[PDB]
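All remarks here apply to the structure that follows.
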Amino acid sequence: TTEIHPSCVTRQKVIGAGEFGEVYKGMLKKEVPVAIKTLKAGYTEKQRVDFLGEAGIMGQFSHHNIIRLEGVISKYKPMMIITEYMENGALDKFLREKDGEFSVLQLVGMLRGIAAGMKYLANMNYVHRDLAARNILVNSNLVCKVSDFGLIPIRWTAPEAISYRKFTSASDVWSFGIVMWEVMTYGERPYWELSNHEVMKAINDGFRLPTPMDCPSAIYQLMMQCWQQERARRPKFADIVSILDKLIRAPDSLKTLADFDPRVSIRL
Ligand SMILES: Cc1ccc(C(=O)Nc2cccc(C#N)c2)cc1Nc1nc(-c2cccnc2)nc2c1cnn2C
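When the letters of the sequence shown are read in order and numbered with the authors' numbering, they come out as residues 605 to 633, 639 to 760, 779 to 895.
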């Protein structure tokens, strides 16, 4: 991690909250816009370890689909984690505000990118545990950067992580399946109005999310295999990336759509 001097950072507006300090939009010195998470006076030992630990792992990550760390302020207070700024913001809100505005190839391409970042994290032995559209940022090239803003996301979490806290790359794959469904539905809420308990019961009873509208059959098949109850039967991120890459590079493959199950009948 590069150490940034405080005089090179200007905090402008609050954009969120952190573990113990706000998150700001600002500028980094010609000037590059940035996101800034602070650790404010009074932070605890554990908070400092988690903060500087977070900064450390982020500085290790160098991938096109992982949020880029610009630097850290650790020598002065407040301490700071400073990343690139993504003007299109988080993917979930982005898609819901742009309903229907993209091609199927653009949507699958977003997913290929998310998958590539997740393969990198899994290969680096980093378990995300909170993969969801809300933690993915979009840049002005439509490139998706995996991030983590903090919080329990029952609807995004694999049964074994819920039941007995077994978080692994394979539970991240389940979450990726949900992200796949979020993308192809333009940010619909998974399981709609079902309660957290109703979701767990449906999944244990064997039900799975239905196909999104206008969704390539191959894409629905892939997200369904991310939701295997048996962790060992789920694809690895390497499998996911490879399938998405072959689909994009042979785009007629996406023209075959899964049947959509109408929830309403209109007869004319
Ligand atoms: C500054 C910063 C610090 C940490 C992280 C982060 O992803 N940490 C991390 C830890 C562990 C694993 C992985 C991974 N893989 C990633 C991200 C950012 N940056 C952003 N965060 C927020 C934001 C908004 C509201 C509340 N909290 C945060 N909005 C942003 C940006 C950039 N642009 N915008 C619009």
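Every residue gets a Cβ at the ideal spot worked out from N, C-alpha and C, and that includes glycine.
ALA644 is bridged by DSSP to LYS629 and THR692. Its Cα nearest to that of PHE758, the residue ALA741 stands out among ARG835, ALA741 and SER683.
Comparing C-alpha distances from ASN734 to each of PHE864, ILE805 and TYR628 shows the shortest one belongs to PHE864.
Taking C-beta atoms as the reference points, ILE682 and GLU607 count as a pair closer than 9 Å. Between the alpha carbons of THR838 and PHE887 lies a distance of about 6 Å. Per DSSP, reduced to three states, the secondary structure at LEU821 is coil, with no helix or strand assignment. A heavy atom of ligand 1 is found nearer than 8 Å to the CB of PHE670. According to the DSSP assignment, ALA797 belongs to the alpha helix (DSSP H) that extends over 796-811. Per DSSP, the continuous alpha helix (DSSP H) segment holding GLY665 begins and ends at 654-669.
Check the Cα spacing between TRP808 and each of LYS754, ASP841 and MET695: the tightest is with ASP841. Around the beta carbon of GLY651, fewer than 16 other beta carbons lie within 10 angstroms, which makes this residue exposed. By alpha-carbon distance to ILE805, the top candidate from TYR694, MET850 and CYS612 is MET850. The continuous stretches of beta strand (DSSP E) do not include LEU874, which lies in the alpha helix (DSSP H) extending over residues 864-876. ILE867 and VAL736 have their alpha carbons spaced roughly 17 Å apart. In the DSSP annotation of this structure, the continuous segment of the beta strand (DSSP E) that includes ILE682 starts and ends at 678-682.
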